Every structure is written in C-alpha cells, then in structure tokens.
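FYI, side chains are in, hydrogens and waters are out, and symmetry mates aren't considered; it's all heavy atoms of this structure. All residue numbers refer to positions in the sequence shown, counting from 1.
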Amino acid sequence: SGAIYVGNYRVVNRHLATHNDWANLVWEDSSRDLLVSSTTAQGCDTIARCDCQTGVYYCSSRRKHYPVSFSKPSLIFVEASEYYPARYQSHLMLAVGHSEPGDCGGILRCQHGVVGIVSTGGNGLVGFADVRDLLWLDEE
Ligand SMILES: CSc1ccccc1CC(=O)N1CCC[C@H](CF)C1
Ligand SMILES: [Zn+2]
C-alpha cells in the first residue's frame, strides 16, 4: 500500500483505490494502474520533472529503501494476477529489486522528487508506474 500526496491530490495504484477514492475521483487509467482522488488537506510530496534513470524506492516487504537503476517509461507485458488480465501496461519502468503484491504503492524518488509508485515485479523485478508526465498534479 502507499500513495503520493501532492497539493490536493492523492495518487494511488488503481487496483488499491478505496470507495472514498472513487467517490472523490479526479482521473484514472487502467492501462497505467493509476488513480488520482482529491483531498481536503494539502500534501508534502513534490513531483520530479526529469529523465533520471537512477533513484531510490521503498520496499515494505523489507522495511528498506533500495537504490536502483530503472528503464525509461515504456509499454511492458505484465502477467496475469488477480488484479489484471494479460496485457501491456503503459508508462511502466522496470528495475532489479525484490518486490511482493503488497509492495505496490511504495515511492520511487530521484534527486528532483517523486518519480512514481511500485506497480509490478517478479523474481527480482519491480516495476514502477511513472507520474512525471502528469504535469497537472502541480496545479489547482
Ligand atoms: C510489486 S507487484 C509484484 C511483485 C512480485 C511478484 C508479483 C507482483 C504482482 C504484480 O505484478 N501485479 C499485481 C498487482 C497489479 C500489477 C499491474 F498489472 C501486477
Ligand atoms: Zn530526476
């Protein structure tokens, strides 16, 4: 679990969104595994606006932050889970990093701010849903 709190927005994995998220919905995209809801309180996270490919992510199943090298956002085949069917998830970045279902939500960050959230993984893989192109998160 986990979210990004930027301005009056809460960014979460779409597959982990709550009823309150859906009842206060700003934007969602199943192909990206992302959902954004509105908040009453202002958040403290800042979004990175860059092309970094190195950063640090939080892994809840290890209680640790790990430095990683990650690929550029791409259209990457993701195996069927109880959450989605075979398909191609867009805007996804991969790194070598131990993950588990319950790690989705953990933040990936670089020197500029928050880059994305954990979304997928596998036998020493972890994939992150990028948020750096969502420029509107910085306003309103
Ligand atoms: C960190 S997720 C993970 C890690 C190790 C192994 C398996 C997973 C689960 C996983 O990959 N998915 C279930 C959640 C939704 C994802 C979007 F298509 C796909
Ligand atoms: Zn950066």
Once you round to the nearest 0.5 Å, how far does [atom1] of [X] lie from [atom2] of [Y]?
| X | Y | atom1 | atom2 | result |
| --- | --- | --- | --- | --- |
| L75 | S31 | CG | OG | 8.5 Å |
| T40 | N8 | OG1 | CG | 7.5 Å |
| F70 | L94 | CZ | CG | 11.5 Å |
| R109 | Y58 | CZ | OH | 11.5 Å |

Any heavy-atom pair between the side chains of [Y] and [X] that's under 4.5 Å?
| X | Y | value |
| --- | --- | --- |
| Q53 | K72 | yes |
| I107 | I4 | yes |
| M93 | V68 | no |
| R62 | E100 | yes |
| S119 | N13 | yes |
| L134 | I47 | no |
| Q111 | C50 | no |
| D21 | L16 | no |

*Should the pair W27 and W136 be assigned to parallel (<30°), tilted (30 to 60°) or perpendicular (>60°) ring geometry?*
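Taking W136 first and then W27, their aromatic rings stand perpendicular (interplane angle over 60°).
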*Parallel under 30°, tilted from 30 to 60°, perpendicular over 60°: which one fits the rings of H15 and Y83?*
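Geometry flag for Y83 against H15: tilted rings.
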*asked:* Tell me every residue that passes side-chain hydrogen bond (donor to acceptor under 3.5 Å, both in side chains) with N20, counting only those two or more places apart in sequence or in another chain.
replied: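 Scan of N20 (side-chain hydrogen bond (donor to acceptor under 3.5 Å, both in side chains), adjacent residues dropped) gives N24.
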*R32 side chain vs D130 backbone, donor-acceptor pair below 3.5 Å*: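 Yes, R32 side chain to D130 backbone: donor-acceptor pair under 3.5 Å.
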*asked:* Using a 3.5 Å distance criterion without hydrogens, assess whether the side chain of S99 forms a donor-acceptor pair with backbone atoms of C59.
replied: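 Here the side-chain-to-backbone pair does not exist.
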[X] and [Y]: same hydrophobic cluster, using ILVMFWY side-chain contacts below 4.5 Å?
| X | Y | value |
| --- | --- | --- |
| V114 | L137 | yes |
| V6 | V26 | yes |
| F128 | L34 | no |
| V36 | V131 | yes |

*Polar contact flag, side-chain donor to acceptor under 3.5 angstrom, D33-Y84*: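 Present: a donor and an acceptor within the cut-off.
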_When you compare the side chains of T120 and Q89, does any donor N or O come within less than 3.5 Å of an acceptor on the partner?_
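Their side chains do not contain a donor-acceptor pair, so the 3.5 Å distance test is not met.
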_As a test of understanding, state which of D103, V115, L108, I117 forms a side-chain contact (heavy atoms from CB on, under 4.5 Å) with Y57._
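For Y57, the side-chain contact (heavy atoms from CB on, under 4.5 Å) test succeeds with only one of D103, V115, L108, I117, which is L108.
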Taking every non-hydrogen atom, the tightest pair across [X] and [Y]:
| X | Y | answer |
| --- | --- | --- |
| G2 | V12 | O-CG1, 4.0 Å |
| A48 | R132 | O-CG, 3.2 Å |
| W22 | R14 | CH2-NH2, 3.7 Å |
| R10 | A3 | NH1-CB, 3.7 Å |
| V56 | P67 | CG2-CA, 4.1 Å |

*Given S69 and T54, is the side-chain contact (heavy atoms from CB on, under 4.5 Å) satisfied, shown in steps?*
CA-CA 4 Å; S69 294; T54 67; 4.0 Å; yes
*Sequence neighbours left out, what passes ring-ring contact (aromatic ring centres under 6.0 Å, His included) with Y88? Give chain and number order.*
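With neighbours one apart ignored, the set is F77.
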